[PDB]
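Take a look at the structure set out below.
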Amino acid sequence: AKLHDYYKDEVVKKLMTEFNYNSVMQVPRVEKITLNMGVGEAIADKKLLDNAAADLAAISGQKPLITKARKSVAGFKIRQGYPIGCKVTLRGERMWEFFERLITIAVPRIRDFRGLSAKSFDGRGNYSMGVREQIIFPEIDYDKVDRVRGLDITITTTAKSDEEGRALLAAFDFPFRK
Amino acid sequence: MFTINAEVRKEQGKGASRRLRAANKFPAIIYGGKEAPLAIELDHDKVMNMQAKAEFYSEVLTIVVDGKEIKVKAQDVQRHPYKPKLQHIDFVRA
Amino acid sequence: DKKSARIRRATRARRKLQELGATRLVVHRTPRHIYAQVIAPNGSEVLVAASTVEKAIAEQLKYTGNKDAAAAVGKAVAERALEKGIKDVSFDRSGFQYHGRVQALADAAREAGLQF
Amino acid sequence: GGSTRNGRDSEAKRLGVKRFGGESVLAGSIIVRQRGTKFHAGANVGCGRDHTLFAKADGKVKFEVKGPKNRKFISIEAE
Amino acid sequence: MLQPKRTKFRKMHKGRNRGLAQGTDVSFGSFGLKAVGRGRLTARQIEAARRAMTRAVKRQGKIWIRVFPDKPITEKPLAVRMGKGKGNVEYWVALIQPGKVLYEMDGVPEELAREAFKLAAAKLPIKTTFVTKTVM
RNA sequence: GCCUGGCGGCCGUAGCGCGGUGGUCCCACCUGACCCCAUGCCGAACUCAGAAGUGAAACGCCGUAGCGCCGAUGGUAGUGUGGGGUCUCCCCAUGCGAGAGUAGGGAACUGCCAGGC
RNA sequence: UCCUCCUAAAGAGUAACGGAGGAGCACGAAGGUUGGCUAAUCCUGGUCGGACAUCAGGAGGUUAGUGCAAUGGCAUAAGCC
């Protein structure tokens with residue numbers, strides 16, 4: 001919990017001393033992660049998530065809530081009002097708080113670690129930092145055996161082109177590939 | 001290039017328009033040129049014997065009417081429902 | 001367009017007020033301002049108003065988007081309503097919520113005199 | 001084949017037509033199954049279960065030309 | 001053989017012809033036919049007329065057709081009395097009037113519909129003939 | 001006089017596209033929030049305490065007609081009322097008559113009020 | 001017997017074993033009401049994933065839905081929260 005201090009001091013802002021931007025409303029900004037955790041085939045278990053109800057709030061700084069389905073009959077079995085996931089969305093200070101663990105300590109499991117490919121880039125420079133499945137962070141009671149679920153993370157920017165959104169990769173370091 | 005004699009048309013409507021076509025005549029009009037629209041009477045089979053040439057539509061022609069003479073260009077046509085004959089034609093001031 | 005959703009809520013109200021005709025009180029607010037105007041019984045013009053634009057409020061209030069500034073307009077429009085003798089006045093909230101600064105304005109208008 | 005029936009007796013016609021007497025309440029328009037093609041405007045309203053734009057006060061019809069494109073309203077005149 | 005798409009409804013009404021309707025401007029080609037008369041046209045007639053042209057034109061063109069069957073007709077046994085009722089669909093028909101062009105051509109210079117039409121007119125109603133392109 | 005907002009009167013010649021311009025009053029973004037109010041999670045939404053930073057976006061202003069939109073004039077389809085012709089159609093006399101297209105228009109109108117320069 | 005669109009004539013009921021169909025019920029909620037909300041479909045990407053699976057973005061809209069039939073309407077929503 002220190003990125004909030006540095007993101008206000010020079011990160012993608014000292015840029016404004018050499019480039020033609022009179023406010024942060026023309027520079028790249030990051031303030032959101034629309035988090036989700038899926039249940040998949042949980043309807044054939046219906047007992048584990050009945051006790052793991054705060055297991056997403058174990059990695060996100062917001063209140064846990066089960067999301068209810070928008071579908072009532074499906075080729076994989078669903079039922080009206082069945083719980084289909086959990087969000088626990090990150091914005092502002094809780095998003096900068098959450099970002100301090102991404103790439104820095106998220107290294108317990110890897111699949112490329114040199115930049116993979118720029119999926120979901122939106123032509124703006126939207127960066128991937130997902131882990132495919134949870135890797136477990138140091139907090140309390142984390143050394144034991146415990147199950148883990150699917151986790152993917154994209155950091156989206158207010159930039160107009162990846163020519164100018166890349167000013168973030170000129171202020172931090174992480175492995176990147178197109 | 002052509003020059004044709006026209007007459008100001010003073011009685012208008014369906015039966016009068018059909019009457020002309022039985023009595024060697026047919027209706028037409030002149031508009032544009034930053035001036036008001038004018039109704040005219042032309043020779044039915046004699047202008048049909050003339051308009052079947054590109055030089056009637058690719059270039060201006062002279063109309064002699066109302067005691068003067070003016071150049072115009074051919075703008076539109078109405079043909080008979082089952083014959084090539086002229087029912088009504090438009091001109092614009094050149 | 002979340003701006004247009006407020007205008008839809010105002011179309012709902014404008015249509016509902018159309019069958020009333022008569023003298024009407026319209027309240028409108030923005031993140032720095034608030035004002036209230038009394039519309040004539042022919043609908044074509046204003047009679048009296050109060051607005052956070054007057055130096056009688058704007059030089060005394062440290063910010064015009066404040067609750068006490070909304071109350072200052074409420075206490076002015078109620079005072080000007082008594083000057084022009086208005087009764088049977090139908091209220092209109094310009095597509096906004098009644099709760100918050102429109103309620104905080106109305107609460108003080110019924111403190112400067114008759115309800116309101 | 002046959003048996004297409006349609007049944008018998010239904011009307012709801014011509015009551016929203018021409019000059020009115022201006023001394024009792026009137027239906028204004030009784031067009032069938034009305035939900036947005038017409039609606040009401042001005043001092044009058046009509047919310048009946050049979051979609052009638054019946055005015056609740058005595059007056060005459062305006063036969064008004066105002067209203068967006070093909071949406072024109074039942075409204076009563078000032079006299 | 002010509003067999004049009006099944007009608008949405010099992011049967012249709014035949015309908016009256018106004019005996020005029022302008023349609024003389026060629027849009028699938030540049031020339032066509034003169035109709036100048038009115039009547040009923042059947043699917044077997046336009047296929048027999050297509051055969052007459054197919055035999056004289058071999059494979060040149062193709063030729064485009066602006067007439068297509070519009071109605072199926074109801075037919076029943078001859079002994080059924082007057083009264084009840086309409087039979088099943090049999091033959092398909094259309095209506096023709098003076099302003100029709102019927103058939104439209106451009107890719108068949110001087111070997112069809114330029115000197116005569118007698119060989120195809122012999123398959124058709126209303127004693128039809130060819131037309132020359134309208135250019136002014 | 002021009003500007004910015006509103007109540008509107010009006011809501012297909014204020015629309016679609018294309019090129020410029022503006023932070024002053026205004027507004028939008030925006031500053032901050034366990035404070036009023038709030039998220040079925042999130043200050044996103046809506047609040048409340050507001051001006052540190054802009055005019056990015058949205059918004060307003062302005063140009064530009066290829067067009068929606070507006071659209072003559074004449075003709076055509078259509079036709080009331082008499083009548084002609086081996087006639088479920090044609091032709092006429094008299095009285096009416098579009099829609100579509102063409103010439104052409106056109107980048108909104110207007111009353112009241114507050115403030116600005 | 002009842003009920004919609006059309007025939008049915010730019011005034012109305014309406015014919016011929018005329019044209020496309022239905023109704024004898026449903027829901028105590030699917031009713032009342034305050035404030036909100038806005039489809040559908042398709043594309044993009046995300047472990048356990050045969051296969052439609054998540055949450056977010058884009059295109060896009062009187063094209064979703066309406067207890068049931070045919071029809072007319074639809075955000076001032078009569079459509080759902």
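Residue numbering restarts at 1 for every chain of the structure tokens, chains are lettered A, B, ... in their displayed order, and ligands are numbered from 1 as they appear.
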
DSSP strand (DSSP E or B) residues within chain B, listed as a ChimeraX atom specification:
/B:3-5,7-8,25-31,38-43,61-65,68-80,83-93

Using only C-alpha atoms (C1' of nucleotides), which residues sit within 9 Å of residue 80 of chain C once same-chain residues fewer than 4 positions away are excluded, as a list in words?
residues 48, 49, 50, 75, 76, 84 and 85 of chain C

Residues near segment 32-37 of chain F, anyone? I mean within 8 Å using only C-alpha atoms (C1' of nucleotides), not counting same-chain ones fewer than 4 positions away, as a PDB file with N, CA and C atoms (P, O5', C5', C4', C3', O3' and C1' of nucleotides), in the first residue's frame.
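Listing of part_32.pdb after writing:
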ATOM      1  N   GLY C 100     -32.209  14.795  -0.831  1.00  0.00           N
ATOM      2  CA  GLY C 100     -30.998  15.616  -0.896  1.00  0.00           C
ATOM      3  C   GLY C 100     -31.294  17.102  -1.034  1.00  0.00           C
TER       4      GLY C 100
ATOM      5  P     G F  43     -16.742   2.393  -3.122  1.00  0.00           P
ATOM      6  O5'   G F  43     -17.252   3.563  -4.099  1.00  0.00           O
ATOM      7  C5'   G F  43     -18.378   3.459  -4.968  1.00  0.00           C
ATOM      8  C4'   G F  43     -18.632   4.762  -5.769  1.00  0.00           C
ATOM      9  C3'   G F  43     -17.418   5.420  -6.435  1.00  0.00           C
ATOM     10  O3'   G F  43     -17.800   6.211  -7.567  1.00  0.00           O
ATOM     11  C1'   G F  43     -18.190   6.748  -4.664  1.00  0.00           C
ATOM     12  P     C F  46     -25.938   9.093 -11.985  1.00  0.00           P
ATOM     13  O5'   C F  46     -26.317   9.329 -10.480  1.00  0.00           O
ATOM     14  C5'   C F  46     -27.650   9.190 -10.068  1.00  0.00           C
ATOM     15  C4'   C F  46     -27.734   9.265  -8.555  1.00  0.00           C
ATOM     16  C3'   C F  46     -27.097  10.511  -7.938  1.00  0.00           C
ATOM     17  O3'   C F  46     -27.926  11.631  -8.051  1.00  0.00           O
ATOM     18  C1'   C F  46     -26.657   8.521  -6.665  1.00  0.00           C
ATOM     19  P     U F  47     -27.504  13.048  -7.491  1.00  0.00           P
ATOM     20  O5'   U F  47     -27.654  12.862  -5.916  1.00  0.00           O
ATOM     21  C5'   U F  47     -26.940  13.663  -4.989  1.00  0.00           C
ATOM     22  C4'   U F  47     -26.785  12.928  -3.651  1.00  0.00           C
ATOM     23  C3'   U F  47     -26.023  13.752  -2.606  1.00  0.00           C
ATOM     24  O3'   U F  47     -26.892  14.388  -1.727  1.00  0.00           O
ATOM     25  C1'   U F  47     -24.978  11.652  -2.917  1.00  0.00           C
ATOM     26  P     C F  48     -26.949  15.959  -1.629  1.00  0.00           P
ATOM     27  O5'   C F  48     -25.669  16.361  -0.781  1.00  0.00           O
ATOM     28  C5'   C F  48     -25.633  16.074   0.614  1.00  0.00           C
ATOM     29  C4'   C F  48     -24.213  15.947   1.115  1.00  0.00           C
ATOM     30  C3'   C F  48     -23.350  17.199   0.957  1.00  0.00           C
ATOM     31  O3'   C F  48     -23.571  18.149   1.961  1.00  0.00           O
ATOM     32  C1'   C F  48     -22.211  15.190   0.430  1.00  0.00           C
ATOM     33  P     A F  49     -23.038  19.640   1.832  1.00  0.00           P
ATOM     34  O5'   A F  49     -21.465  19.536   1.909  1.00  0.00           O
ATOM     35  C5'   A F  49     -20.776  19.549   3.147  1.00  0.00           C
ATOM     36  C4'   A F  49     -19.291  19.371   2.941  1.00  0.00           C
ATOM     37  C3'   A F  49     -18.648  20.404   2.022  1.00  0.00           C
ATOM     38  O3'   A F  49     -18.493  21.718   2.501  1.00  0.00           O
ATOM     39  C1'   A F  49     -17.811  18.299   1.611  1.00  0.00           C
TER      40        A F  49
END

Shell of 12 Å around residue 5 of chain E, only C-alpha atoms (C1' of nucleotides), local chain residues under 5 positions omitted, as a ChimeraX atom specification
/E:10,68-72,92

Taking N, CA, C and O atoms for each residue, export the selection above as a PDB file, in the first residue's frame.
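Result file result-v7.pdb:
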ATOM      1  N   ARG E  10     -52.896 -21.940 -48.455  1.00  0.00           N
ATOM      2  CA  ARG E  10     -53.163 -23.096 -49.315  1.00  0.00           C
ATOM      3  C   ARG E  10     -53.713 -22.750 -50.700  1.00  0.00           C
ATOM      4  O   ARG E  10     -53.452 -23.488 -51.630  1.00  0.00           O
ATOM      5  N   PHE E  68     -43.541 -13.533 -64.274  1.00  0.00           N
ATOM      6  CA  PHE E  68     -43.469 -14.743 -63.456  1.00  0.00           C
ATOM      7  C   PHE E  68     -44.867 -15.083 -62.946  1.00  0.00           C
ATOM      8  O   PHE E  68     -45.638 -14.161 -62.760  1.00  0.00           O
ATOM      9  N   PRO E  69     -45.239 -16.356 -62.728  1.00  0.00           N
ATOM     10  CA  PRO E  69     -46.553 -16.709 -62.226  1.00  0.00           C
ATOM     11  C   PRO E  69     -46.801 -16.151 -60.839  1.00  0.00           C
ATOM     12  O   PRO E  69     -45.973 -16.242 -59.934  1.00  0.00           O
ATOM     13  N   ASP E  70     -47.958 -15.565 -60.679  1.00  0.00           N
ATOM     14  CA  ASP E  70     -48.350 -14.802 -59.522  1.00  0.00           C
ATOM     15  C   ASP E  70     -49.343 -15.550 -58.629  1.00  0.00           C
ATOM     16  O   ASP E  70     -49.254 -15.426 -57.412  1.00  0.00           O
ATOM     17  N   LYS E  71     -50.258 -16.327 -59.228  1.00  0.00           N
ATOM     18  CA  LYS E  71     -51.292 -17.119 -58.549  1.00  0.00           C
ATOM     19  C   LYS E  71     -51.204 -18.594 -58.930  1.00  0.00           C
ATOM     20  O   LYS E  71     -51.114 -18.865 -60.116  1.00  0.00           O
ATOM     21  N   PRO E  72     -51.337 -19.556 -58.000  1.00  0.00           N
ATOM     22  CA  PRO E  72     -51.855 -20.888 -58.307  1.00  0.00           C
ATOM     23  C   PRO E  72     -53.367 -20.858 -58.503  1.00  0.00           C
ATOM     24  O   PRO E  72     -54.025 -20.124 -57.807  1.00  0.00           O
ATOM     25  N   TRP E  92     -50.372 -22.626 -62.469  1.00  0.00           N
ATOM     26  CA  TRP E  92     -49.984 -21.278 -62.063  1.00  0.00           C
ATOM     27  C   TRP E  92     -50.125 -20.251 -63.208  1.00  0.00           C
ATOM     28  O   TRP E  92     -49.795 -20.522 -64.348  1.00  0.00           O
TER      29      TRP E  92
END

If the cut-off is 8 Å, can you tell me the residues of chain D near chain C, counting only C-alpha atoms? I'd like them as a VMD selection string.
chain D and resid 41 to 45

Any idea which chain G residues end up within 9 Å of chain E if we count only C-alpha atoms (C1' of nucleotides), as a PyMOL selection string please?
chain G and resi 17+19-20

For residue 108 of chain F, find every residue with an atom within 12 Å (counting only C-alpha atoms (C1' of nucleotides)), except residues of its own chain fewer than 3 positions away, and show them as a PDB file with N, CA and C atoms (P, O5', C5', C4', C3', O3' and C1' of nucleotides), in the first residue's frame.
ATOM      1  P     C F  10     -47.222  24.179 -28.199  1.00  0.00           P
ATOM      2  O5'   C F  10     -46.436  24.116 -29.556  1.00  0.00           O
ATOM      3  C5'   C F  10     -45.567  23.070 -29.849  1.00  0.00           C
ATOM      4  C4'   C F  10     -44.631  23.513 -30.954  1.00  0.00           C
ATOM      5  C3'   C F  10     -43.937  22.366 -31.624  1.00  0.00           C
ATOM      6  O3'   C F  10     -44.734  21.642 -32.529  1.00  0.00           O
ATOM      7  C1'   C F  10     -42.423  24.109 -31.204  1.00  0.00           C
ATOM      8  P     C F  11     -44.933  20.081 -32.344  1.00  0.00           P
ATOM      9  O5'   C F  11     -43.477  19.489 -32.492  1.00  0.00           O
ATOM     10  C5'   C F  11     -42.780  19.709 -33.705  1.00  0.00           C
ATOM     11  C4'   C F  11     -41.367  19.157 -33.641  1.00  0.00           C
ATOM     12  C3'   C F  11     -41.283  17.630 -33.720  1.00  0.00           C
ATOM     13  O3'   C F  11     -40.514  17.331 -34.849  1.00  0.00           O
ATOM     14  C1'   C F  11     -39.751  18.547 -32.189  1.00  0.00           C
ATOM     15  P     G F  12     -40.703  15.969 -35.608  1.00  0.00           P
ATOM     16  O5'   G F  12     -39.825  16.089 -36.916  1.00  0.00           O
ATOM     17  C5'   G F  12     -38.454  16.439 -36.842  1.00  0.00           C
ATOM     18  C4'   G F  12     -37.821  16.430 -38.223  1.00  0.00           C
ATOM     19  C3'   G F  12     -38.557  17.273 -39.279  1.00  0.00           C
ATOM     20  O3'   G F  12     -37.669  18.074 -40.039  1.00  0.00           O
ATOM     21  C1'   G F  12     -38.037  15.159 -40.105  1.00  0.00           C
ATOM     22  P     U F  13     -37.107  19.447 -39.495  1.00  0.00           P
ATOM     23  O5'   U F  13     -36.516  20.200 -40.750  1.00  0.00           O
ATOM     24  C5'   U F  13     -35.495  19.634 -41.502  1.00  0.00           C
ATOM     25  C4'   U F  13     -35.222  20.485 -42.739  1.00  0.00           C
ATOM     26  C3'   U F  13     -34.631  21.860 -42.446  1.00  0.00           C
ATOM     27  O3'   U F  13     -33.253  21.791 -42.127  1.00  0.00           O
ATOM     28  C1'   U F  13     -36.177  21.861 -44.313  1.00  0.00           C
ATOM     29  P     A F  14     -32.604  22.750 -41.031  1.00  0.00           P
ATOM     30  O5'   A F  14     -33.311  22.191 -39.710  1.00  0.00           O
ATOM     31  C5'   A F  14     -32.879  21.005 -39.069  1.00  0.00           C
ATOM     32  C4'   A F  14     -32.411  21.324 -37.666  1.00  0.00           C
ATOM     33  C3'   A F  14     -31.721  20.181 -36.927  1.00  0.00           C
ATOM     34  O3'   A F  14     -30.393  20.091 -37.385  1.00  0.00           O
ATOM     35  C1'   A F  14     -33.030  21.616 -35.541  1.00  0.00           C
ATOM     36  P     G F  15     -29.338  19.044 -36.839  1.00  0.00           P
ATOM     37  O5'   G F  15     -29.888  17.592 -37.131  1.00  0.00           O
ATOM     38  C5'   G F  15     -30.589  16.802 -36.192  1.00  0.00           C
ATOM     39  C4'   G F  15     -30.981  15.463 -36.802  1.00  0.00           C
ATOM     40  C3'   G F  15     -29.807  14.715 -37.373  1.00  0.00           C
ATOM     41  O3'   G F  15     -29.180  13.854 -36.443  1.00  0.00           O
ATOM     42  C1'   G F  15     -31.456  15.011 -39.020  1.00  0.00           C
ATOM     43  P     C F  69     -37.122  11.924 -45.994  1.00  0.00           P
ATOM     44  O5'   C F  69     -36.984  13.418 -45.491  1.00  0.00           O
ATOM     45  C5'   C F  69     -37.360  13.790 -44.194  1.00  0.00           C
ATOM     46  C4'   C F  69     -37.175  15.295 -43.992  1.00  0.00           C
ATOM     47  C3'   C F  69     -37.998  16.134 -44.956  1.00  0.00           C
ATOM     48  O3'   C F  69     -39.360  16.089 -44.624  1.00  0.00           O
ATOM     49  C1'   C F  69     -35.838  17.077 -44.666  1.00  0.00           C
TER      50        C F  69
END

Distance limit 7 Å, atoms considered: only C-alpha atoms. Which chain B residues sit that close to chain E? Return them as an MDAnalysis selection string.
chainID B and resid 51:52 81:82

All helix (DSSP H, G or I) residues (DSSP, backbone) inside segment 27-106 of chain C, as a count of residues only:
28

Against chain G, which residues of chain D fall within 9 Å? For each one I want the closest pair of atoms and the distance in Å (one decimal), counting only C-alpha atoms (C1' of nucleotides), rows by chain and increasing residue number, as a tab-separated table.
residue	atom	partner	partner_atom	distance
D:1	CA	G:17	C1'	8.0
D:2	CA	G:17	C1'	6.7
D:3	CA	G:17	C1'	8.3
D:4	CA	G:21	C1'	7.2
D:6	CA	G:3	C1'	7.6
D:7	CA	G:3	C1'	7.3
D:8	CA	G:2	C1'	8.9
D:9	CA	G:13	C1'	7.6
D:10	CA	G:13	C1'	8.8
D:11	CA	G:13	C1'	8.2
D:13	CA	G:12	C1'	7.9
D:14	CA	G:11	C1'	8.1
D:32	CA	G:72	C1'	8.0
D:33	CA	G:72	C1'	6.3
D:34	CA	G:73	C1'	6.6
D:35	CA	G:73	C1'	5.0
D:36	CA	G:73	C1'	5.8
D:37	CA	G:73	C1'	7.0

All residues 9 Å or closer to residue 30 of chain G, only C-alpha atoms (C1' of nucleotides), same chain fewer than 3 positions away omitted, as a VMD selection string:
chain G and resid 26 to 27 67

Residues within 9 Å of residue 74 of chain A, please, as a list in words. Count only C-alpha atoms (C1' of nucleotides); anything in the same chain fewer than 5 positions from it doesn't count.
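Result of the neighbour search: residues 79 of chain A; 52 and 53 of chain G.
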
Take the residues that were just selected and, keeping N, CA, C and O atoms (P, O5', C5', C4', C3', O3' and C1' of nucleotides), output them as a PDB file, in the first residue's frame.
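Wrote part_28.pdb, looks like this:
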ATOM      1  N   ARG A  79     -30.489 -23.220 -13.149  1.00  0.00           N
ATOM      2  CA  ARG A  79     -31.795 -23.042 -12.548  1.00  0.00           C
ATOM      3  C   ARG A  79     -32.001 -21.572 -12.233  1.00  0.00           C
ATOM      4  O   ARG A  79     -31.031 -20.839 -12.036  1.00  0.00           O
TER       5      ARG A  79
ATOM      6  P     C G  52     -19.197 -23.877 -27.483  1.00  0.00           P
ATOM      7  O5'   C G  52     -20.594 -23.421 -26.953  1.00  0.00           O
ATOM      8  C5'   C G  52     -21.548 -22.809 -27.810  1.00  0.00           C
ATOM      9  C4'   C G  52     -22.760 -22.407 -27.032  1.00  0.00           C
ATOM     10  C3'   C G  52     -22.397 -21.577 -25.817  1.00  0.00           C
ATOM     11  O3'   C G  52     -22.136 -20.219 -26.120  1.00  0.00           O
ATOM     12  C1'   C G  52     -24.001 -23.258 -25.287  1.00  0.00           C
ATOM     13  P     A G  53     -20.961 -19.465 -25.377  1.00  0.00           P
ATOM     14  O5'   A G  53     -21.440 -19.590 -23.879  1.00  0.00           O
ATOM     15  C5'   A G  53     -20.556 -19.470 -22.787  1.00  0.00           C
ATOM     16  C4'   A G  53     -21.279 -19.808 -21.497  1.00  0.00           C
ATOM     17  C3'   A G  53     -20.627 -19.175 -20.263  1.00  0.00           C
ATOM     18  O3'   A G  53     -21.650 -18.615 -19.505  1.00  0.00           O
ATOM     19  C1'   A G  53     -20.873 -21.527 -19.983  1.00  0.00           C
TER      20        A G  53
END

Would you give me, as a Markdown table, each residue of chain F having an atom within 8 Å of an atom of chain A, along with its shortest atom pair and that distance in Å to one decimal, using only C-alpha atoms (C1' of nucleotides) and sorting by chain and residue number?
| residue | atom | partner | partner_atom | distance |
| --- | --- | --- | --- | --- |
| F:40 | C1' | A:65 | CA | 7.8 |
| F:41 | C1' | A:88 | CA | 4.5 |
| F:42 | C1' | A:89 | CA | 5.2 |
| F:53 | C1' | A:23 | CA | 5.6 |
| F:54 | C1' | A:23 | CA | 5.3 |
| F:56 | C1' | A:26 | CA | 5.0 |

Let me see the file: selected residues, C-alpha atoms (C1' of nucleotides), as a PDB file, in the first residue's frame.
ATOM      1  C1'   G F  40     -27.591  -6.666  -4.049  1.00  0.00           C
ATOM      2  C1'   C F  41     -19.568  -6.184  -4.821  1.00  0.00           C
ATOM      3  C1'   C F  42     -17.419  -1.178  -6.522  1.00  0.00           C
ATOM      4  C1'   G F  53      -6.205  20.431 -13.077  1.00  0.00           C
ATOM      5  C1'   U F  54      -8.440  20.863 -17.973  1.00  0.00           C
ATOM      6  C1'   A F  56      -9.445  15.330 -23.616  1.00  0.00           C
TER       7        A F  56
END

Residues of chain F no more than 12 Å from chain E, counting only C-alpha atoms (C1' of nucleotides): send them over as JSON, numbers by chain.
{"F": [76, 77, 88, 89, 90]}

At a cut-off of 9 Å, which residues of chain D touch chain F? Count only C-alpha atoms (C1' of nucleotides) and give the answer as a PyMOL selection string.
chain D and resi 66-69

Written selection (N, CA and C atoms) as a short mmCIF file (atom, residue, chain, number, x, y, z; two decimals), in the first residue's frame:
data_model
loop_
_atom_site.label_atom_id
_atom_site.label_comp_id
_atom_site.auth_asym_id
_atom_site.auth_seq_id
_atom_site.Cartn_x
_atom_site.Cartn_y
_atom_site.Cartn_z
N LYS D 66 -50.31 19.64 -34.23
CA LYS D 66 -49.06 19.53 -33.46
C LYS D 66 -48.87 18.09 -32.95
N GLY D 67 -47.63 17.70 -32.76
CA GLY D 67 -47.20 16.39 -32.28
C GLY D 67 -46.26 15.73 -33.25
N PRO D 68 -45.29 14.95 -32.78
CA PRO D 68 -44.18 14.52 -33.58
C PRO D 68 -44.59 13.58 -34.71
N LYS D 69 -44.27 13.96 -35.93
CA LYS D 69 -44.53 13.25 -37.19
C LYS D 69 -45.94 12.66 -37.32
#

Could you state the separation of atom CA of residue 48 of chain E and atom CA of residue 128 of chain E in Å, given to one decimal place?
14.5 Å

Select residues of chain G: the criterion is any atom within 12 Å of an atom of chain C, counting only C-alpha atoms (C1' of nucleotides); output as JSON, numbers by chain.
{"G": [35, 36, 37, 38, 75, 76, 77]}

Restricted to N, CA, C and O atoms (P, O5', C5', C4', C3', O3' and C1' of nucleotides), what would the selected residues look like written as a PDB file, in the first residue's frame?
ATOM      1  P     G G  35     -42.535   7.888  -8.475  1.00  0.00           P
ATOM      2  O5'   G G  35     -41.066   7.341  -8.444  1.00  0.00           O
ATOM      3  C5'   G G  35     -40.081   7.912  -7.589  1.00  0.00           C
ATOM      4  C4'   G G  35     -38.858   7.032  -7.485  1.00  0.00           C
ATOM      5  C3'   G G  35     -38.136   6.883  -8.799  1.00  0.00           C
ATOM      6  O3'   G G  35     -37.212   7.953  -9.001  1.00  0.00           O
ATOM      7  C1'   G G  35     -38.479   4.774  -7.687  1.00  0.00           C
ATOM      8  P     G G  36     -36.457   8.158 -10.364  1.00  0.00           P
ATOM      9  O5'   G G  36     -35.582   6.857 -10.416  1.00  0.00           O
ATOM     10  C5'   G G  36     -35.334   6.184 -11.612  1.00  0.00           C
ATOM     11  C4'   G G  36     -34.675   4.856 -11.297  1.00  0.00           C
ATOM     12  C3'   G G  36     -34.185   4.147 -12.532  1.00  0.00           C
ATOM     13  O3'   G G  36     -32.837   4.484 -12.764  1.00  0.00           O
ATOM     14  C1'   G G  36     -35.556   2.696 -11.229  1.00  0.00           C
ATOM     15  P     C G  37     -32.215   4.456 -14.200  1.00  0.00           P
ATOM     16  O5'   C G  37     -32.408   2.975 -14.690  1.00  0.00           O
ATOM     17  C5'   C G  37     -31.622   1.926 -14.177  1.00  0.00           C
ATOM     18  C4'   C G  37     -32.113   0.603 -14.735  1.00  0.00           C
ATOM     19  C3'   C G  37     -31.973   0.569 -16.237  1.00  0.00           C
ATOM     20  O3'   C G  37     -30.655   0.278 -16.566  1.00  0.00           O
ATOM     21  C1'   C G  37     -34.044  -0.376 -15.552  1.00  0.00           C
ATOM     22  P     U G  38     -30.008   0.852 -17.876  1.00  0.00           P
ATOM     23  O5'   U G  38     -30.769   0.084 -19.026  1.00  0.00           O
ATOM     24  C5'   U G  38     -30.610  -1.310 -19.147  1.00  0.00           C
ATOM     25  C4'   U G  38     -31.643  -1.890 -20.104  1.00  0.00           C
ATOM     26  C3'   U G  38     -31.384  -1.493 -21.547  1.00  0.00           C
ATOM     27  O3'   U G  38     -31.097  -2.657 -22.276  1.00  0.00           O
ATOM     28  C1'   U G  38     -33.683  -1.276 -20.937  1.00  0.00           C
ATOM     29  P     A G  75     -43.450   4.068 -24.894  1.00  0.00           P
ATOM     30  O5'   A G  75     -42.005   4.470 -24.337  1.00  0.00           O
ATOM     31  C5'   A G  75     -41.827   5.204 -23.145  1.00  0.00           C
ATOM     32  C4'   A G  75     -40.353   5.332 -22.724  1.00  0.00           C
ATOM     33  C3'   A G  75     -39.449   5.973 -23.770  1.00  0.00           C
ATOM     34  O3'   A G  75     -39.246   7.377 -23.633  1.00  0.00           O
ATOM     35  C1'   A G  75     -38.518   3.939 -22.874  1.00  0.00           C
ATOM     36  P     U G  76     -40.361   8.423 -24.001  1.00  0.00           P
ATOM     37  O5'   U G  76     -41.319   8.461 -22.746  1.00  0.00           O
ATOM     38  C5'   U G  76     -40.994   9.222 -21.599  1.00  0.00           C
ATOM     39  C4'   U G  76     -42.185   9.322 -20.674  1.00  0.00           C
ATOM     40  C3'   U G  76     -42.613   8.024 -19.981  1.00  0.00           C
ATOM     41  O3'   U G  76     -41.776   7.715 -18.864  1.00  0.00           O
ATOM     42  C1'   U G  76     -44.474   9.369 -20.697  1.00  0.00           C
ATOM     43  P     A G  77     -42.093   6.513 -17.863  1.00  0.00           P
ATOM     44  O5'   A G  77     -42.272   5.336 -18.893  1.00  0.00           O
ATOM     45  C5'   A G  77     -42.808   4.082 -18.512  1.00  0.00           C
ATOM     46  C4'   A G  77     -43.265   3.336 -19.750  1.00  0.00           C
ATOM     47  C3'   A G  77     -43.909   1.986 -19.439  1.00  0.00           C
ATOM     48  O3'   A G  77     -45.199   2.117 -18.911  1.00  0.00           O
ATOM     49  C1'   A G  77     -42.650   2.009 -21.457  1.00  0.00           C
TER      50        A G  77
END

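Picture a line from atom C1' of residue 6 of chain G to atom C1' of residue 62 of chain G; it runs 24.4 Å.
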